[PDB]
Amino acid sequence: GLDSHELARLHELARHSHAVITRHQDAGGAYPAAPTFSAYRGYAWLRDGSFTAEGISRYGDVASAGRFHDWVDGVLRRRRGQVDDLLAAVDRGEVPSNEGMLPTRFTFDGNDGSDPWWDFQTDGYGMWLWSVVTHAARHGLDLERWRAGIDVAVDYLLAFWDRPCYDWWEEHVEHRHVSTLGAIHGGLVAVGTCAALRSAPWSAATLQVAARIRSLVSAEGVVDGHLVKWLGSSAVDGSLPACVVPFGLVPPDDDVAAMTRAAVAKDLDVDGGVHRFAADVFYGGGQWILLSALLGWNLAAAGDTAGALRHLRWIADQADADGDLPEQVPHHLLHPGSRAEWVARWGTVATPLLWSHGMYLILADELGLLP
């Protein structure tokens, strides 16, 4: 379904995606979110980094992906005491405030880059577990290299998975977001079904808590046959397909998977460019490359190769003259009046966004299109 013209350009964008990710990887192994965007530069996120690492692992750069996992593992081992103290506090009946939780932004030397009162999120820890297990399985690696960091993440998530937190988009701290629950589920199932981790003391617990997550989503996170943005809401969010692939709340051919893909397409997908959520005013609510990639990935997994390809083509059309992929583009805006202020305050949209490139690599790989 691709001619030589398209294949050449898609191959080149894949090569360039690998290059921009590995060029900007920090000396210590972290992947930055966006080296030139004012509000993100200097920081690493586990969410962005884990998807980026998965794209790089699929691409076959074992060294680069391994250095990212080394970095995360070391950062988490340094939080062993913090996590133990949070768990002890829970055991005393003194539940820690959001202000005491593990961070969202990391500096490249592994310190808190932001105050979790303002951005507390648990999804990234779940994504990292999914990412590191998937990487090790793909390349035949011994997970003991990263196990002590895995242990910190697992202990943290088993304790705090059911806590309200901000969503992937740093909004609505009072709610429990289905793509956050989904990320945690994906990480817990990854470690709980990993033969190398069969003797871990938390082995059984991870699958039991994953089942608890699915119970909660079944009870409060499905409406009219589709997943919803947060428990007790009716709306969808463009992140929701991640709950199918890769995080596995339901199989790709499940009715809830089909209905969720359809609802996201209807409510949020304009010409192949997927919006985050209807109320999104960030840069006027533009079309997000990573979300078009996520939807494409899910379409491919469900057997809709044509739909996957249409989304891959849309993404490729957003590459700039150097091949860099932005965070988002404004071809369609949900709330156009809101864009100007964002541009004035933070500058033009983050480009390149490493996560855009990571997701491009994943979707290209799903379609068998890596060079």
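The numbering used is simple: start at 1 and walk along the sequence shown.
Comparing the deposited coordinates for 277-285 and 136-144, the stretch with the larger average C-alpha B-factor is 277-285. Of the two segments, 43-51 and 302-310, the one listed with the higher mean B-factor is 302-310 (C-alpha atoms only). In this entry, the residue among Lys266, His177, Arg78, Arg212 with the greatest C-alpha B factor is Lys266. Of the residues listed, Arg163, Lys229, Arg92, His226, the entry assigns the biggest Cα temperature factor to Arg92. Among all modelled residues in its chain, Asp167 ranks in the lowest third by Cα B-factor. Annotation for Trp342: CA B-factor lies in the highest third of the chain's modelled residues. When the modelled residues of the chain are ordered by their C-alpha B factor, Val173 lands in the lowest third. In the PDB entry, a CA B factor belonging to the lowest third of its chain's modelled residues is recorded for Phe68. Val152: CA B factor lies in the lowest third for its chain, per the PDB record.
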